[PDB]
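What's in protein-v6.txt: compact mmCIF, C-alpha atoms
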```txt
# COMPACT_ATOMS: atom_id res chain seq x y z
CA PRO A 1 102.67 140.29 257.66
CA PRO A 2 104.95 142.30 255.25
CA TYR A 3 107.67 143.46 257.74
CA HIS A 4 110.71 145.08 255.98
CA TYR A 5 113.92 144.25 254.03
CA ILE A 6 117.64 145.26 254.00
CA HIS A 7 120.33 145.23 251.27
CA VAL A 8 123.54 143.31 252.11
CA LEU A 9 126.71 143.91 250.03
CA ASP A 10 129.67 141.52 250.27
CA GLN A 11 132.69 143.91 250.36
CA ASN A 12 134.91 140.92 249.35
CA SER A 13 133.04 139.57 246.25
CA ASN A 14 131.03 142.80 245.40
CA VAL A 15 127.81 140.67 245.12
CA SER A 16 124.71 142.44 246.55
CA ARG A 17 121.58 140.63 247.90
CA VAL A 18 118.30 141.37 249.76
CA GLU A 19 117.40 139.99 253.22
CA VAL A 20 113.69 140.00 254.22
CA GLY A 21 113.29 141.05 257.90
CA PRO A 22 110.85 139.09 260.17
CA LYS A 23 114.30 137.68 261.27
CA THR A 24 117.05 139.60 263.14
CA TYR A 25 120.16 139.97 260.88
CA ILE A 26 123.79 139.64 262.13
CA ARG A 27 126.31 140.65 259.39
CA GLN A 28 129.73 139.04 258.82
CA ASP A 29 132.69 141.54 259.08
CA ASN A 30 133.08 141.50 255.23
CA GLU A 31 129.36 142.37 254.69
CA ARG A 32 127.94 145.94 254.67
CA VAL A 33 124.28 147.02 254.92
CA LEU A 34 123.31 149.58 252.23
CA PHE A 35 119.73 150.38 253.43
CA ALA A 36 118.01 150.54 256.86
CA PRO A 37 114.95 148.19 257.28
CA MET A 38 112.28 149.55 254.87
CA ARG A 39 108.83 148.24 253.81
CA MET A 40 108.06 145.77 251.04
CA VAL A 41 106.03 146.85 247.98
CA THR A 42 102.34 146.27 248.92
CA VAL A 43 99.97 146.73 245.94
CA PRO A 44 96.35 146.82 247.32
CA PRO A 45 93.53 145.04 245.38
CA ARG A 46 92.67 146.97 242.12
CA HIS A 47 95.15 149.76 243.06
CA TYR A 48 94.61 152.02 239.96
CA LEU A 49 118.11 141.68 235.55
CA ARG A 50 114.28 142.09 236.06
CA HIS A 51 114.58 145.90 235.55
CA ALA A 52 116.68 146.21 232.35
CA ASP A 53 113.24 145.87 230.63
CA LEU A 54 109.95 147.15 232.28
CA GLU A 55 107.46 145.26 234.56
CA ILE A 56 104.01 146.10 236.06
CA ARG A 57 103.00 144.01 239.13
CA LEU A 58 99.31 143.50 240.08
CA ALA A 59 98.01 142.66 243.62
CA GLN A 60 101.07 140.47 244.51
CA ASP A 61 101.89 139.19 248.03
CA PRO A 62 104.33 141.70 249.73
CA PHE A 63 107.74 141.63 247.93
CA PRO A 64 111.13 143.40 248.47
CA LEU A 65 112.91 145.52 245.82
CA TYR A 66 115.77 143.15 244.81
CA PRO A 67 119.19 144.71 243.95
CA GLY A 68 118.95 145.92 240.33
CA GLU A 69 115.12 146.51 240.55
CA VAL A 70 113.27 149.86 240.88
CA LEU A 71 109.71 150.91 241.80
CA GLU A 72 109.36 153.00 238.62
CA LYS A 73 105.73 154.05 239.42
CA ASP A 74 103.89 154.64 242.73
CA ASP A 75 96.64 139.59 223.42
CA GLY A 76 95.03 137.06 221.02
CA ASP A 77 97.00 138.18 217.86
CA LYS A 78 100.38 139.82 216.93
CA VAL A 79 100.04 143.61 217.63
CA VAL A 80 102.83 145.46 215.71
CA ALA A 81 104.56 148.28 217.67
CA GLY A 82 103.19 151.69 216.51
CA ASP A 83 99.69 150.20 215.75
CA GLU A 84 96.62 151.86 217.36
CA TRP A 85 93.28 150.40 218.56
CA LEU A 86 90.22 151.33 220.64
CA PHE A 87 89.44 149.96 224.13
CA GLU A 88 85.93 148.85 225.32
CA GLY A 89 83.29 151.06 227.10
CA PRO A 90 83.73 152.07 230.83
CA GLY A 91 85.49 149.38 232.90
CA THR A 92 88.95 148.56 234.38
CA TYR A 93 92.01 148.63 232.07
CA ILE A 94 94.91 146.18 232.69
CA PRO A 95 98.20 147.89 231.63
CA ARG A 96 101.17 146.40 229.72
CA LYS A 97 104.77 147.46 228.81
CA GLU A 98 104.16 147.41 225.00
CA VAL A 99 100.85 149.39 225.05
CA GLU A 100 100.39 153.14 225.57
CA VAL A 101 97.08 154.72 226.78
CA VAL A 102 97.24 157.56 224.23
CA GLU A 103 93.91 159.31 225.03
CA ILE A 104 90.37 158.91 226.48
CA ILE A 105 87.61 159.14 223.82
CA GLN A 106 84.19 160.62 224.72
CA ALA A 107 81.27 159.18 222.67
CA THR A 108 79.09 161.81 220.85
CA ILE A 109 75.27 161.72 221.28
CA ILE A 110 73.26 161.65 217.97
CA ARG A 111 69.44 162.28 218.12
CA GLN A 112 66.84 161.17 215.47
CA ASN A 113 66.96 164.37 213.31
CA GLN A 114 70.78 164.58 213.43
CA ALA A 115 73.84 162.92 211.83
CA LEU A 116 77.54 163.05 212.85
CA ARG A 117 80.19 164.33 210.40
CA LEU A 118 83.40 162.28 210.33
CA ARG A 119 86.74 162.57 208.43
CA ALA A 120 89.29 159.81 207.69
CA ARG A 121 92.52 161.00 209.47
CA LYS A 122 94.38 158.27 207.48
CA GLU A 123 93.06 155.67 204.98
CA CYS A 124 90.56 153.39 206.80
CA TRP A 125 87.20 151.52 206.63
CA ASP A 126 83.93 152.85 208.15
CA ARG A 127 81.66 150.85 210.57
CA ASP A 128 79.38 149.98 207.60
CA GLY A 129 82.40 148.13 206.05
CA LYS A 130 83.39 150.52 203.17
CA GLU A 131 86.75 152.15 202.24
CA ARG A 132 87.55 155.79 203.23
CA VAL A 133 90.73 157.42 201.79
CA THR A 134 92.67 160.15 203.69
CA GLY A 135 90.69 163.39 204.19
CA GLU A 136 87.40 161.81 202.94
CA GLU A 137 84.28 162.90 204.88
CA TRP A 138 80.92 161.13 205.51
CA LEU A 139 77.85 161.10 207.81
CA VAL A 140 76.68 158.49 210.38
CA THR A 141 72.91 158.39 211.11
CA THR A 142 72.49 155.73 213.88
CA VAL A 143 70.67 157.17 216.96
CA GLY A 144 72.38 157.07 220.40
CA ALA A 145 75.97 157.63 221.56
CA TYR A 146 78.46 157.15 218.68
CA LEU A 147 82.01 156.01 219.48
CA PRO A 148 84.43 156.89 216.61
CA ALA A 149 87.04 154.40 215.36
CA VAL A 150 90.71 155.43 216.00
CA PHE A 151 91.18 156.96 212.52
CA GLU A 152 87.71 158.65 212.30
CA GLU A 153 88.15 162.36 213.18
CA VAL A 154 84.83 163.71 214.58
CA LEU A 155 83.92 167.18 213.22
CA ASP A 156 80.34 168.26 214.17
CA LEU A 157 76.63 167.31 214.41
CA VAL A 158 74.48 168.15 211.34
CA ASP A 159 70.76 168.62 212.12
CA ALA A 160 68.04 167.80 209.56
CA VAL A 161 66.27 170.65 207.68
CA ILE A 162 62.56 170.12 208.47
CA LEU A 163 60.42 170.74 205.35
CA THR A 164 56.80 172.02 205.27
CA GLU A 165 54.32 172.32 202.37
CA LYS A 166 55.18 176.10 202.32
CA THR A 167 59.01 175.51 201.93
CA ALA A 168 61.66 173.65 199.89
CA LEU A 169 65.45 173.18 200.28
CA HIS A 170 67.78 174.41 197.49
CA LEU A 171 70.91 172.24 197.09
CA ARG A 172 74.04 172.14 194.87
CA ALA A 173 76.27 169.11 194.20
CA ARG A 174 79.94 169.63 195.39
CA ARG A 175 80.96 166.47 193.38
CA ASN A 176 79.23 163.60 191.51
CA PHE A 177 77.03 161.15 193.57
CA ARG A 178 73.61 159.36 193.70
CA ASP A 179 71.36 161.27 196.13
CA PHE A 180 68.94 160.43 199.01
CA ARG A 181 66.38 159.04 196.41
CA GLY A 182 69.10 157.47 194.18
CA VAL A 183 69.02 160.25 191.50
CA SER A 184 72.43 160.78 189.83
CA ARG A 185 73.84 164.29 190.54
CA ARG A 186 76.59 165.92 188.43
CA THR A 187 79.07 168.48 189.85
CA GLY A 188 77.53 171.99 190.10
CA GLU A 189 73.99 170.66 189.39
CA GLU A 190 71.17 172.33 191.42
CA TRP A 191 67.72 171.08 192.54
CA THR B 1 69.33 149.46 257.00
CA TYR B 2 72.17 148.97 254.48
CA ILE B 3 74.94 146.58 255.64
CA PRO B 4 78.34 147.62 254.18
CA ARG B 5 80.93 145.64 252.16
CA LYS B 6 84.53 146.21 250.93
CA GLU B 7 83.65 145.87 247.20
CA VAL B 8 80.59 148.22 247.16
CA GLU B 9 80.36 152.04 247.28
CA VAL B 10 77.26 153.98 248.45
CA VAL B 11 77.69 156.63 245.72
CA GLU B 12 74.62 158.81 246.45
CA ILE B 13 71.14 158.93 248.12
CA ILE B 14 68.20 158.95 245.64
CA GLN B 15 65.00 160.83 246.56
CA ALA B 16 61.91 159.43 244.78
CA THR B 17 59.87 162.10 242.86
CA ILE B 18 56.08 162.48 243.49
CA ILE B 19 53.83 162.26 240.35
CA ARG B 20 50.12 163.31 240.70
CA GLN B 21 47.37 162.11 238.28
CA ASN B 22 47.46 165.07 235.81
CA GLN B 23 51.29 164.90 235.61
CA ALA B 24 54.05 162.78 234.09
CA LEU B 25 57.79 162.65 234.92
CA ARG B 26 60.40 163.28 232.19
CA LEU B 27 63.40 160.91 232.17
CA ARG B 28 66.62 160.68 230.05
CA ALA B 29 68.86 157.62 229.46
CA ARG B 30 72.26 158.76 230.95
CA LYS B 31 73.73 155.70 229.21
CA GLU B 32 71.92 153.02 227.14
CA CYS B 33 69.41 151.07 229.29
CA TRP B 34 65.94 149.45 229.40
CA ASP B 35 62.91 151.22 230.95
CA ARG B 36 60.53 149.73 233.62
CA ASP B 37 58.02 148.82 230.84
CA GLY B 38 60.85 146.62 229.40
CA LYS B 39 61.85 148.61 226.25
CA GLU B 40 65.32 149.75 225.02
CA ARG B 41 66.47 153.39 225.59
CA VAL B 42 69.67 154.51 223.80
CA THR B 43 71.91 157.26 225.30
CA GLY B 44 70.31 160.73 225.51
CA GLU B 45 66.81 159.42 224.59
CA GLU B 46 64.01 160.99 226.69
CA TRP B 47 60.53 159.64 227.66
CA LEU B 48 57.58 160.12 230.07
CA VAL B 49 56.33 157.93 232.96
CA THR B 50 52.70 158.43 234.03
CA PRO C 1 83.66 142.35 280.42
CA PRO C 2 86.03 143.80 277.72
CA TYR C 3 89.01 144.90 279.89
CA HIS C 4 92.02 146.05 277.77
CA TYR C 5 95.03 144.77 275.79
CA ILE C 6 98.80 145.44 275.47
CA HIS C 7 101.22 144.72 272.58
CA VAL C 8 104.32 142.65 273.42
CA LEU C 9 107.40 142.60 271.11
CA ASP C 10 110.14 139.98 271.47
CA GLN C 11 113.36 142.04 271.03
CA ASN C 12 115.19 138.72 270.23
CA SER C 13 112.98 137.11 267.51
CA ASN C 14 111.30 140.44 266.39
CA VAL C 15 107.80 138.79 266.63
CA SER C 16 105.05 141.10 267.97
CA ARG C 17 101.87 139.74 269.68
CA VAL C 18 98.83 140.97 271.70
CA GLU C 19 98.00 140.10 275.34
CA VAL C 20 94.37 140.67 276.49
CA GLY C 21 94.28 142.09 280.01
CA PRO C 22 92.00 140.61 282.70
CA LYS C 23 95.43 138.96 283.38
CA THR C 24 98.37 140.72 285.02
CA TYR C 25 101.36 140.69 282.60
CA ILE C 26 104.99 140.24 283.77
CA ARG C 27 107.40 140.56 280.81
CA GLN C 28 110.48 138.38 280.21
CA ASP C 29 113.65 140.56 279.96
CA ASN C 30 113.86 140.11 276.13
CA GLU C 31 110.26 141.43 275.72
CA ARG C 32 109.18 145.09 275.36
CA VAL C 33 105.62 146.43 275.76
CA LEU C 34 104.65 148.84 272.96
CA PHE C 35 101.31 150.21 274.34
CA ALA C 36 99.83 150.92 277.80
CA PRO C 37 96.60 148.92 278.53
CA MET C 38 93.95 150.24 276.07
CA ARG C 39 90.34 149.18 275.35
CA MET C 40 89.08 146.49 273.00
CA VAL C 41 87.00 147.49 269.97
CA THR C 42 83.35 147.41 271.18
CA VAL C 43 80.83 147.75 268.29
CA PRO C 44 77.32 148.34 269.83
CA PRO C 45 74.21 146.49 268.45
CA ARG C 46 73.15 147.83 264.98
CA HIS C 47 75.70 150.72 265.10
CA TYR C 48 74.92 151.63 261.41
CA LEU C 49 97.55 139.91 257.73
CA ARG C 50 93.79 140.78 258.23
CA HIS C 51 94.46 144.44 257.18
CA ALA C 52 96.47 144.16 253.96
CA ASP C 53 92.90 143.86 252.57
CA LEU C 54 89.92 145.72 254.23
CA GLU C 55 87.33 144.29 256.73
CA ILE C 56 84.15 145.77 258.32
CA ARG C 57 83.02 144.05 261.56
CA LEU C 58 79.40 143.95 262.85
CA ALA C 59 78.24 143.66 266.52
CA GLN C 60 81.16 141.40 267.65
CA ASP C 61 82.03 140.34 271.19
CA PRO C 62 84.89 142.74 272.28
CA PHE C 63 88.13 142.17 270.28
CA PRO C 64 91.73 143.56 270.33
CA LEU C 65 93.51 145.19 267.36
CA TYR C 66 96.12 142.43 266.67
```

Could you take the file, read its structure, and then write that structure out as structure tokens?
Amino acid sequence: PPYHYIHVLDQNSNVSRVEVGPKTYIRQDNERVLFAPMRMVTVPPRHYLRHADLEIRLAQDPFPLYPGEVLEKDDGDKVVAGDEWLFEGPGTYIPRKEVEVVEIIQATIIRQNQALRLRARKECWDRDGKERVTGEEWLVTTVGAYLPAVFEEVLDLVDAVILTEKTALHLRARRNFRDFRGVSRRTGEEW
Amino acid sequence: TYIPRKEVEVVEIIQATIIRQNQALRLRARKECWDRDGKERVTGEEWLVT
Amino acid sequence: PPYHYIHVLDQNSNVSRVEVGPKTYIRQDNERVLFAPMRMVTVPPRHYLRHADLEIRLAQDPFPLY
């Protein structure tokens, strides 16, 4: 069982300690008790100088709050502080002192006659493995739910213009490129 | 009879849907899965069972 | 039969225990009794540190809450 604990301060030496309480305590006349018998910290399975820094305790056996400790809340490679990265699909996240859960990212559903418009929030590389400078925009065509990389700002879904033998689509080039059939387009060209 | 456990949640009760011969039932993949015929279905894809 | 139980605390050693009650209990003067005699748990057939975790018990012979 967990029982309780008490804090005992030596009025002579000023040293403070914790006494766990399945036992019955009898204090010396120089000792003072700072706290009445109170319960241990008891983290249930999968719940959601040691305190100069920060510590997160997971499913431990019942433990007392030692003097100088506080209940502040009810890697394979060298991650540099300020770096950002994306966590895996729905599951349980194990927290750390160095890592911040900045936001929760909802994947966007893309159907067959759609594409998703993305923008590089800072210089990055796309999922195809190509460079994207700041403010550059591009389209992703893979069907299903698309999960954007940390630096890919999602804008909107672009649906395909369905052609018929009674219609054609009139386009202008915003910049130079090679088009959907590989034809080289100059800026302000129309077809 | 379902016999309970500490690890497992009974989230919901699922009613089966009746399909007659000149009908089919329309389904959507709520996340990526495989159908009962054994074929992949990406998120938001829809199909018919007969 | 199930009878009942009582909870007995030693005021000296601070240990608490359970006494199941077809017996008459006569307490030693260091002991206190926390509860009047109350029924076992009695799960009927096919109804539908042991509690730091969680446990669900099926169709047991009558048992006290330790």

For residue 66 in chain C: contacts at 10 Å, all atoms listed in the file, fewer than 5 positions along chain excluded, given as an MDAnalysis selection string: chainID C and resid 5:7 16:19 49:51

Mind giving me the straight-line distance from CA of residue 65 in chain C to CA of residue 20 in chain C in Å, one decimal?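 Separation between CA of residue 65 in chain C and CA of residue 20 in chain C: 10.2 Å.
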
Name the closest residue to residue 23 in chain C among the candidates C:3, C:10, C:54, C:40; distances are taken between atoms, counting only C-alpha atoms.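 Comparing C:3, C:10, C:54, C:40 against residue 23 in chain C, the winner is C:3.
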
Near chain B, meaning an atom within 8 Å, which residues of chain C appear when counting all atoms listed in the file? Write them as an mmCIF file with C-alpha atoms, in the frame of the given file.
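Below is the file that was written, selection36.cif:
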```cif
data_model
loop_
_atom_site.group_PDB
_atom_site.id
_atom_site.type_symbol
_atom_site.label_atom_id
_atom_site.label_comp_id
_atom_site.auth_asym_id
_atom_site.auth_seq_id
_atom_site.Cartn_x
_atom_site.Cartn_y
_atom_site.Cartn_z
ATOM 1 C CA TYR C 48 74.920 151.630 261.410
ATOM 2 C CA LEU C 54 89.920 145.720 254.230
ATOM 3 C CA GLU C 55 87.330 144.290 256.730
ATOM 4 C CA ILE C 56 84.150 145.770 258.320
#
```

As a list in words, could you give me every residue of chain A near chain B (at most 8 Å apart, counting only C-alpha atoms)?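 The contacting residues on chain A are residues 109, 111, 143, 144 and 145 of chain A.
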
7 Å contacts from chain A to chain C using all atoms listed in the file, as JSON, numbers by chain: {"A": [1, 22, 23, 24, 44]}

Quick one: pull the distance between CA of residue 11 in chain B and CA of residue 102 in chain A, Å, one decimal.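 So the two atoms, CA of residue 11 in chain B and CA of residue 102 in chain A, lie 29.1 Å apart.
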
Which residue gives the smallest distance to residue 29 in chain A among A:94, A:86, A:9, A:168, with all atoms listed in the file counted? A:9

Report the distance between CA of residue 73 in chain A and CA of residue 150 in chain A in Å, rounded to one decimal place.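 So the two atoms, CA of residue 73 in chain A and CA of residue 150 in chain A, lie 27.9 Å apart.
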